[PDB]
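coordinates only, sequence not included:
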RNA sequence: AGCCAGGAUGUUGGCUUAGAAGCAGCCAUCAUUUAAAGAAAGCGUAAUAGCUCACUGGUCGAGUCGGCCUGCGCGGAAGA
Ligand SMILES: Nc1nc2c(ncn2[C@@H]2O[C@H](COP(=O)(O)OP(=O)(O)O)[C@@H](O)[C@H]2O)c(=O)[nH]1
């Protein structure tokens, strides 16, 4: 199981995803996480900070 | 070729004939009126 | 640059196309980018490199033709002598005039019984609205055809054919047929003087024209799209094949003889700049095909228009903003992958192993601004879902359709966030199943296909007022006491922005105010989960009059629980009914289809909503429910000579009958 | 009088140019393309008055001749402007749906007496009386 | 009853005008001349056209046409 911690979602019931490490301590059972910016899962639009996470693609200038 | 037990005209070109004893009805408007026995 | 020849043999199904191509390949010696060579009298018999763009067979999937049209500079329009011009023959004509690319017409099946050349010519002029020019003419009838008379050079060639139709003999026109065939000899001198009035002086002066001048007349009109050329032919009994290419080398343009593209830019003062026909200009190309070879790799085709490339440079492909690199360039002789490192301006190549090359990317080798081309605009007509026999074999064909939505721009996919299976989309019956077959044999996923489900909304109708819900679950130390008397509406359809409304209607101090928004959010949880069919509900504006509460039993989870127990009865007491999603369809059935199509539409429970008559188009608009819409365009092309299509848009809902309520089943 | 060479018996809705919404595809399916018609139609419709209905007696044929005959408005839609009630019902005998005095029918069909030729004046208005009484807008002399 | 010739419709008559333009269905079911002719009996048109009926106008040139009641048969009516 995973967690898509963040304020967007796109994925679908039958998309392919990626997995990284990260625990929760709110969810007994989760010990992984999503990778947004990567493959067929879109990042959250206009979250300027922590942009190395979540793949916002540097809001222009 | 309806083998119905009663023939009655449905077009106006229908005629009732006497061929070989068997009563029949033809029509040349819609040749779907052709029947027997009636 | 003057020598190259980018040709496209596009044709209706069963016309002769595949069999024609083999007679090109077998002659020129002595996939999608097959190369050739020939030597032509029009350009003093220097060698001329034909680069045959393989045109798609199923021209129904119009997108692949549209890419093909641009990359070809010339086109042979193969036709059928017995059947005249065809439905898809008029279809490929539409794509060709769109990109202005001129053609030559090819009357195949001359050997076949019932062959008249004049049939096609009449059919050319009548339906397609062209001014055809007869180049050569059959000596004799269907079986008796042996002779080809090039009336431009006023010579003749026969065939006893003696070794596969290659060796030939010189004749003149025999006495029995001079006079009636010289009517179209008279047609040649009059249709060749409006481009330059110097040839007008020879007709009203009495100077009979020689061989090379009339080519100077006729070629420019097949450079500026005024008249087309019609040559005779027969591939299957190989009579007329030598002069067939000598129709192409005398009339059709070359990469220098085509107008350079007036393509748009993306920088500065947004002015149109050229991509000239000079061989030493800053390079730009356009990738059109992606094929995975058996054992050569991921072939990344593209057309070499203008400039020099020394292979092994970086590319500034500014439609995706990524810099890729080259493996090779490949050109096939028969399908013979004989290698080359030289990228000549006017050739076509097939590069290898480029990762993220889609279909329709305008790439630039010396990192210049592109001549930007955006051309992926046919739209698929069918929404049919799939069912692969394993979900691990589903995302592999979801990778293969993820490849097929990356190789061919209108065979896209639909990711369904809502219903567990995806949609394959096409413009025709056959192009859907050939990719089902290609993923059956090559990509190896067999499919027991299934039809999709429908969006299925609801609405209520009765004016119920009272309905309440109590929940006195005390039972212990700390419990839950809620009471929220609700009321609803058979709400107005499309005046409000959202399909449900809510308003505070408290009489006194009978409820705490903080729970009152939370009641609306609880109904917002409990709207879209309907107890009728498991399908989401819309169209009621719920108001709330009476209430109650407690000191110790004041969990707000109670003030969202019993609001559904008030809406368990409240759903149950206003006699609801499902809403069917109604489409808004329009279809242009030209003239001899109207009785069929409207009869087709009325059987699909649609209503007559008027029509117009633009110059040929009798276009009928209607509204149609989505219940039985599995395969409309296949039902439409069957009764319309496969000409018409449809493009719709979902707009509204309406009262469903009980048989759609008989589709509730669960 | 012709029957079919380029003939239609329609196009009475003259509230707006380019008559494609009320009549539309019958004009475009029967030869008479609108590109030279409406360019010539406001050379003959602006000559009299606007806001009227018009029966087009189109004496046209295949070799691009728009020779034009016009008439007084038809008795179905003459009374739309002549009565001033905008009520054309379908129950004539069941209920009184409007009022005309017959002298009002005289002056609006003294134009029909000048335009159309039935026999003579009171008989030509007598031909219109049953057409008027087929709607519900009854006439009271 | 047939052969030659019209079908004597102004008018697209409302509605619901999106097509219901004699022929979807509901209302009216008028008047041109009323020698034949209803704003309509039918096939047939997405909608017209078109094919024809009503009426035999002229010709032909004698009976002919639709029912009521009965005598007698026909079809209805296939088994090892
Ligand atoms: N008699 C005759 N048959 C032909 C001729 N050209 C092609 N055919 C036949 O038509 C069939 C299909 O032609 P094909 O090349 O596959 O057309 P394509 O599907 O458009 O590529 C072949 O089996 C040929 O035998 C011709 O000139 N004469």
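Good, I have the coordinates. Numbers count the residues shown, from 1 in each chain, chains lettered A, B, ... in the order given.

Show the contacting residues for the residue nearest in space to the middle of chain A.
Geometric centre of chain A, nearest residue: residue A:36, 3.8 Å, by CA atoms, centre = their mean. With contact taken as CB atoms under 8 Å, 6 or more residues apart in numbering or on different chains, residue A:36 is in contact with A:4, A:6, A:8, A:42, A:43, A:44, A:53, A:54, A:55. (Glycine included, C-beta is placed from N, CA and C.)

Name the nearest of these relative to residue C:442.
Of all those, residue A:42 has the smallest distance to residue C:442: 30.6 Å, by CB to CB.

give me the element that closest one is part of.
Using DSSP states H and E, residue A:42 maps to neither a helix nor a strand.

Quickly check: the strand ranked longest in chain C near RNA strand E or not.
Ranked by number of residues, the top strand in chain C under DSSP state E is strand C:577-588. No. Applying CB under 7 Å from any atom of the strand, one finds strand C:577-588 out of contact with RNA strand E, separated by at least 13.1 Å.

same for that strand, what does it pack against?
Strand C:577-588 is packed against strand C:457-459, helix C:594-603, strand C:618-625, strand C:647-655, helix C:658-661, with contacts defined by 3 or more CB pairs under 8 Å, 6 or more residues apart in numbering or on different chains; DSSP states H and E.

repeat that with 7 Å
The contact analysis (3 or more CB pairs under 7 Å, 6 or more residues apart in numbering or on different chains; DSSP states H and E) places strand C:577-588 against strand C:457-459, strand C:618-625, strand C:647-655, helix C:658-661.

buried ones in it?
C:577, C:578, C:579, C:580, C:581, C:582, C:583, C:585, C:587, C:588 (16 or more other CB atoms under 10 Å in any protein chain shown).

hmm, back to that, now the residue nearest to the centre of chain A: closest residue in space that isn't a chain neighbour?
residue A:43 (4.3 Å; CB to CB, 6 or more residues apart in numbering or on different chains).

and residue C:77, what element?
Judged by DSSP H and E, residue C:77 forms part of strand C:74-80.

what's in contact with that strand?
C:5-11, C:15-17, C:20, C:85-86, C:89, C:96, C:101, C:103-109, C:120, C:248, C:252-253 (CB atoms under 7 Å, 6 or more residues apart in numbering or on different chains).

Report the inter-axis angle for the very next helix or strand once past it versus strand C:74-80.
Once strand C:74-80 ends, the next helix or strand along the chain (criterion: DSSP H and E) is helix C:87-98. With axes from the mean of the first three to the mean of the last three CA atoms, to 10 degrees applied, the angle from helix C:87-98 to strand C:74-80 works out at 160 degrees.

any bit of helix C:87-98 sitting next to the ligand?
No. Taking CB under 6 Å from any ligand atom as the criterion, helix C:87-98 and the ligand are apart, separated by no less than 9.4 Å.

Any part of the strand holding residue C:77 near the ligand?
No. Strand C:74-80 lies out of reach of the ligand by CB under 6 Å from any ligand atom, never closer than 7.2 Å.

Please state the offset of that strand from the chain centre?
20 Å (CA atoms, centre = their mean, to the nearest Å).

Please point out which parts of it sit buried.
Buried-residue list, strand C:74-80, by 16+ other CB under 10 Å: C:74, C:75, C:76, C:77, C:78, C:79, C:80.

residues in chain D within reach of chain C, list them.
Selection of chain D residues close to chain C by CB under 7 Å from any CB of the partner chain yields D:20, D:24, D:25, D:28, D:29.

follow-up on the earlier one: I'd like the contacts of residue A:36 written out as TSV, with secondary structure and distance to residue C:346 added.
Conversion of those to TSV gives the following (DSSP: H, G, I helix; E, B strand; the rest coil; distance: CB to CB, whole Å):
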residue	secondary structure	distance to residue C:346
A:4	coil	52
A:6	coil	52
A:8	coil	49
A:42	coil	42
A:43	coil	44
A:44	coil	48
A:53	coil	49
A:54	coil	48
A:55	coil	42
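
Identify, from the residues you listed, the entry nearest to residue C:482.
residue A:4 (33.0 Å).

Am I right that residue C:569 is in a helix?
Yes. Counting by DSSP: H, G, I helix; E, B strand; the rest coil, residue C:569 is part of a helix.

show me what contacts residue C:36?
Here residue C:36 is in contact with C:24, C:28, C:50, C:52 (CB under 7 Å, 6+ apart).

Let's test this: what are the backbone torsions at residue C:39?
With angles defined as degrees, to the nearest 10, residue C:39 sits at phi -130, psi 120.

distance of it from RNA strand E?
From residue C:39 over to RNA strand E the distance is 56 Å, taken as CB to the nearest atom of the strand, to the nearest Å.

For that residue, give the beta-bridge partners.
residue C:47 (DSSP bridges).

looking at it, it is touching residue C:45, isn't it?
Yes. At 4.7 Å, residue C:39 counts as touching residue C:45 under the criterion of CB atoms under 7 Å.

the more surrounded of these two?
residue C:39 (14 against 11; other CB atoms under 10 Å in any protein chain shown).

ok, the more buried one to residue C:259 distance?
26 Å (CB to CB, to the nearest Å).

Present the buried residues of strand C:577-588 as JSON lines; the columns should include distance to residue C:534.
Putting these into JSON lines (distance: CB to CB, whole Å) gives the following:
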{"residue": "C:577", "distance to residue C:534": "15"}
{"residue": "C:578", "distance to residue C:534": "11"}
{"residue": "C:579", "distance to residue C:534": "15"}
{"residue": "C:580", "distance to residue C:534": "16"}
{"residue": "C:581", "distance to residue C:534": "16"}
{"residue": "C:582", "distance to residue C:534": "21"}
{"residue": "C:583", "distance to residue C:534": "23"}
{"residue": "C:585", "distance to residue C:534": "28"}
{"residue": "C:587", "distance to residue C:534": "34"}
{"residue": "C:588", "distance to residue C:534": "39"}
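
Could you pull up the residues touching the residue of chain C found nearest RNA strand E?
Nearest residue of chain C to RNA strand E: residue C:595, at 2.4 Å (CB to the nearest atom of the strand). By CB under 7 Å, 6+ apart, the contact list for residue C:595 is empty.

what ranges do the helices span in chain D?
D:25-29, D:34-41, D:79-82, D:102-115, D:121-132 (DSSP state H).

closest one to residue C:452 among those helices?
Comparing these by CB to CB, helix D:25-29 comes nearest, at 34.8 Å.

What residues of that closest one count as buried?
D:25, D:27, D:28.

for these, which one is nearest RNA strand E?
Using CB to the nearest atom of the strand, the buried residues of helix D:25-29 come closest to RNA strand E at residue D:25, 5.6 Å.

can you tell me which residues contact that closest one?
C:611, C:612, C:613, C:618.

same check, this time on residue C:199
C:192, C:193, C:217.

Could you look up the SS state of it?
helix.

With adjacent residues omitted, what lies nearest to it?
Nearest to residue C:199 is residue C:193, by CB to CB, 6+ apart, at 3.8 Å.

if we can go back for a sec, and which of the buried residues of helix D:25-29 is nearest to residue C:375?
residue D:28 (31.7 Å).

Apart from its neighbours in sequence, what residue is nearest the closest one?
Nearest to residue D:28 is residue C:613, by CB to CB, 6+ apart, at 3.1 Å.

Mind listing the residues bridging to the one you found?
residue C:618.

measure the residue in chain B that RNA strand E sits nearest to to the ligand for me?
Closest residue of chain B to RNA strand E, CB to the nearest atom of the strand: residue B:37 (3.3 Å). Distance, residue B:37 to the ligand, using CB to the nearest ligand atom, to the nearest Å: 53 Å.
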